[PDB]
Amino acid sequence: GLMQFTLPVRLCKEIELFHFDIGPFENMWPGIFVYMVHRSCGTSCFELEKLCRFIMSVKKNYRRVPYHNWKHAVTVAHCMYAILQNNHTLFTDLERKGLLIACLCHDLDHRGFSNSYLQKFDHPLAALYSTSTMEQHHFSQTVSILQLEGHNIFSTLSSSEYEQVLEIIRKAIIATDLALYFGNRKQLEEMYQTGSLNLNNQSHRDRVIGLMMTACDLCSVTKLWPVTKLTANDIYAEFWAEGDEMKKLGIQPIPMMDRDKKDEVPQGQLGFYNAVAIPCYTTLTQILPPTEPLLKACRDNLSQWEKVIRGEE
Ligand SMILES: Cn1nc(-c2ccccn2)cc1NC(=O)c1c(C(=O)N2CCC2)cnn1C
Ligand SMILES: [Mg+2]
Ligand SMILES: [Zn+2]
């Protein structure tokens with residue numbers, strides 16, 4: 001109870017910034033997450049023994065894939081932490097509990113293949129969940145771990161608080177399906193500009209939390225250039241493996257997944273920054289002004305990819 005988690009001085013300061021990189025020391029990531037829960041939610045919101053056991057079961061259920069791994073889970077949780085700490089008074093006690101957990105669990109048991117590849121392979125999960133296939137699986141796996149003996153971090157919540165927090169986690173994890181992002185942001189853009197956006201309207205909060213999840217999920221594009229650039233390698237390592245698997249099904253994959261069309265990556269990043277990242281952090285900055293550093297960092301990395309195309313690197 002009086003056992004505060006503390007980080008070394010450089011991490012203690014840099015962890016508060018949107019562009020923080022959790023580092024290459026795997027064995028610090030759990031302490032970094034507990035640190036963020038303690039500052040974000042309180043030392044009192046989870047039994048430390050249950051939290052520790054939950055974290056380690058969640059780690060165990062991420063696979064050793066190049067990108068959709070335990071480092072991604074904690075990276076997405078830190079970006080959420082930075083949004084919550086810069087917007088203290090806009091979120092309920094339960095939202096602060098639910099969302100960090102939602103981010104840690106959002107890619108649980110990912111194999112490094114898109115929903116499309118599951119559908120074209122005819123994977124069993126594609127029959128169980130016809131849309132947002134992996135995202136429904138990630139939520140299911142989250143519930144599975146919450147029901148392991150001594151893993152129920154929400155045990156002390158009321159019956160209705162418990163249903164609310166699991167509802168927050170479910171919607172948050174579903175919204176990480178990039179197919180749902182486009183429509184969610186257009187709606188949020190209209191609502192903001194017509195001045196109909198109302199954070200007391202639960203359906204409106206749902207949409208805003210969904211945008212926050214897309215923002216945290218895409219947060220590799222908001223780091224220092226060398227983090228952004230080296231993360232892109234891991235992202236494309238999965239994409240190209242999926243491209244290979246598409247070829248094995250007798251299907252020419254999209255260029256994004258074709259390791260023969262490696263030359264087209266710079267332009268592909270421009271497309272992605274312009275079609276997805278920039279609009280996401282733009283709309284997010286309009287709704288949550290203190291998140292502007294994400295938009296600023298994203299724009300800086302766009303300019304870096306523009307420099308790559310111009311052969312200045
Ligand atoms: C959409 N798209 N298209 C190209 C592209 C197109 C043509 C040629 C080369 N590349 C690249 C991307 N996406 C990303 O690069 C990306 C994602 C992402 O889409 N997902 C889904 C799993 C995470 C996330 N973070 N980042 C940087
Ligand atoms: Mg995902
Ligand atoms: Zn993710």
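One-based numbering along the sequence shown. Read the numbers this way: they start at 1 and go in the same order the structure lists the ligands and their atoms. FYI, side chains are in, hydrogens and waters are out, and symmetry mates aren't considered; it's all heavy atoms of this structure.
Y117 and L108 fall into different hydrophobic clusters, where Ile, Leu, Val, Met, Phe, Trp and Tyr residues are linked whenever their side-chain heavy atoms come under 4.5 Å apart, directly or through other members.
Heavy atoms of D217 found under 4.0 angstrom from ligand 1: none, in either backbone or side chain. When non-hydrogen atoms are compared, ligand 1 lies under 4.0 Å from the side chain of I235 (C-beta onward) but not from its backbone.
In terms of protein heavy-atom proximity, atom 3 (N) of ligand 1 is closest to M256 CE, 2.8 Å. Atom 22 (C) of ligand 1 has its closest protein heavy atom at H68 CE1, 3.7 Å. Here the protein heavy atom with the shortest distance to atom 15 (O) of ligand 1 is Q269 NE2, 2.6 Å.
Using a distance-only test at 3.5 Å, with no hydrogens or angles considered, no donor-acceptor pair links the side chain of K261 to the main chain of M256. In terms of modelled atom types and a separation under 3.5 Å, the side chain of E238 and the main chain of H68 share a donor-acceptor contact. Judged by distance alone, the side chain of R111 and the main-chain N or O of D109 form a donor-acceptor pair under 3.5 Å. Judged by distance alone, with hydrogens and angles left aside, the side-chain atoms of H151 form a donor-acceptor pair with the main-chain N or O of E149 at under 3.5 Å. Under a 3.5 Å cut-off, the side chain of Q269 and the backbone N or O of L302 do not form any donor-acceptor pair. Here the side chain of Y181 pairs no donor or acceptor atom with the backbone of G210 at under 3.5 angstrom.
Contact annotation: the side chain of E245 never approaches that of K120 to less than 4.5 Å [non-hydrogen atoms, C-beta and beyond].
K262 forms a cation-pi arrangement with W240, by the criterion of a distance under 6.0 Å to the ring centre and an angle within 45° of the ring axis.
The pair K248-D244 fails the salt-bridge criterion, with no side-chain N (NZ, NE, NH1 or NH2) lying under 4.0 Å from an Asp/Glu carboxylate O.
Close contacts between ligand 1 and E264 involve ligand atoms 8 (C), 9 (C) [criterion: under 4.0 Å to a heavy atom]. Applying the 4.0 Å criterion to heavy atoms of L218 picks out, from ligand 1, the atoms 24 (C).
Atom CZ of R53 has more than 12 neighbouring heavy atoms from other residues, nucleotides or ligands inside a 6.0 Å radius. Taking a 6.0 Å sphere around CZ of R64, one finds it holds 12 or fewer heavy atoms contributed by other residues, nucleotides or ligands.
Around the Zn ion (ligand 3), the protein atoms of type N, O or S found under 2.8 Å away are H72 NE2, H106 NE2, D107 OD2, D217 OD1, listed by chain and number. Distances from the Mg ion (ligand 2) under 2.8 Å pick out these protein N/O/S atoms: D107 OD1.
In the candidate list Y236, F239, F272, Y67, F239 is nearest to atom 20 (N) of ligand 1, counting heavy atoms.
Between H106 and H72, the ring centre distance stays below 6.0 Å.
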